[PDB]
Structure formats: structure tokens, C-alpha cells
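Read the single chain below, which is given as C-alpha cells and is the form deposited in one PDB entry.
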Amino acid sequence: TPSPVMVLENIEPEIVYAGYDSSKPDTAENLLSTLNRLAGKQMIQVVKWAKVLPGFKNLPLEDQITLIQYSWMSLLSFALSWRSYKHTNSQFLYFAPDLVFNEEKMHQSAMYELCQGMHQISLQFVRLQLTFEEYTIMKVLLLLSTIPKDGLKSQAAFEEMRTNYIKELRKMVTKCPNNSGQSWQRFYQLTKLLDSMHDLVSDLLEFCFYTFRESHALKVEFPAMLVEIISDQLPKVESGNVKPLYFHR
């Protein structure tokens, strides 16, 4: 009886804490190591979420794993923007209740410009007054936004799921009385915003791949969950096996 949207609300991961330790200095190494542990905890939640996401179990298991590994940074970034919007009206980057970045933290992390790019997305949520239902559907479209260039196991199952979620977003936006007279314009602003995530996420991934490769030299710690994702994904990236999907490019 519940709609896919109702299911998406039910399965949305609860907000987690970073374990930020106020007895340690805010060096880039400490901040990045803390963020990496946070992201590891969030990614374990993303895997559990994906297991009960409507339609996802109908893709081959290998494709489910691939899509998580090809989208993880987009999923985390998009959820970060939502939390920042909801809990601070996009004044800060709300990584977790115990890890909230102002401009000082953005500098201390050694990721100022990357954080500024993310902050711009959260500001677009304010401009749009993005709704929770739009957010939940768009997050699934991000899961389905980047594919191997040499093929998923089932193209057909992937295209069916992606088409279904695009239709969910289009129907929701165009049928909502809050959007009357402007609903197609809003739909295209939302799809343009999804496309803009690829630029930002590529940049975030490049820096993360760097500190991963140089982890021991740079003293930037990564939890096993991220080591699993990055060890599987980085060779595919280096080989050129990544195809971002765009609505308008």
C-alpha cells in the first residue's frame, strides 16, 4: 500500500554523530580523519538503505555494488546539503550535530574551495525551497547518475529503474499545487541542479583520491568502509571507466 515516496521517508537514514574530539587540535589531519570516519559510518547506512530502496533489488547484485561505489560521494554530498539547509538554513555545512563547519573550519580542513562549492548547492536549496520529497527522489537519481563506461551487467534493469525515478520526480513536481504555472520550469531547475553535482563531486573525489593514496605520508586516516570503496573504485577511475549521465549535456 505505501507509495515509493512513503517508503523513501521510512528508510531515510537517521542522522549520526562524527565522534568529534574537542581535546584534539583542529589540524587538517585531525579534521579530515574525523570526516572520513563520519563518512564511513554514513556509508554503512547507505548500504542498508540501498537494500530496501524500491526497485534496487531488481538490479543484479554486482550492479548494486557498482552503483554505490560510483555514486557514494554524490550521495554524501547531497545529504550534507540537505542537513545544512534543514538544520541551519544553509548558513553552515552541517556534517553532523558535533561537526558543523563555518568558514574557519573550511580553511582548517584544507578544503576551503571544495566546501565553498558545496555551500553553493545548499544555497540553491534555499532559493528553490527544496522539499523533503524532492530531496529523497533526487538522491535516488544520484545513485543512478554515474555508470561504468564498459557496461552494467543489466542495462535494461538499470534503465527501467532510472526511468521510473525520473517519472516519479516529474509527476510529483508537475502535479503539486504549489508549483502551478511553473512546474516544468521547476523540474528543469532540479535536473540542472543534479547535473551540477557531477562537477563538484569530481573535484571532491580527486582530492579524496589524493589523500587516500598519500594517506600514511599525510597522516590522514580512512576507515575500512572507505578503504573498500576507494580500493575498488580508484582503478576504474584511473582506467577511464566512468560515464557521468547528464539531463542537459
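Residues carry their position along the shown sequence, with the first being 1.
Unshown form deposited with a partner chain bound; subsequent notes refer to it.
In the entry with it bound, does each residue in the set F56, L61 and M225 place a non-hydrogen atom within 4.5 angstroms of its partner chain?
-> Every residue of the candidate spot has a heavy atom within 4.5 Å of its partner chain in the entry with it bound.
Contact test in the entry with it bound: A217 vs its partner chain, heavy atoms, 4.5 Å = Contact with its partner chain, no.
**Request:** Look up in the entry with it bound whether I65 has a non-hydrogen atom within 4.5 angstroms of its partner chain, and give yes or no.
**Result:** Yes.
Practice task
Considering only heavy atoms, tell me if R213 and its partner chain come within 4.5 Å of each other in the entry with it bound.
Solution key: Heavy-atom contact with its partner chain at 4.5 Å: absent for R213.
Original post:
Any of the heavy atoms of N30 lying within 4.5 Å of its partner chain in the entry with it bound?
Top reply: Taking the distances in the entry with it bound, the answer for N30 is no, it never comes within 4.5 Å of its partner chain.
Looking at 80 to 88, 67 to 75, 97 to 105, 114 to 122, which one sits within 4.5 Å of its partner chain in the entry with it bound if you count heavy atoms only? Flagged stretch: 67 to 75.
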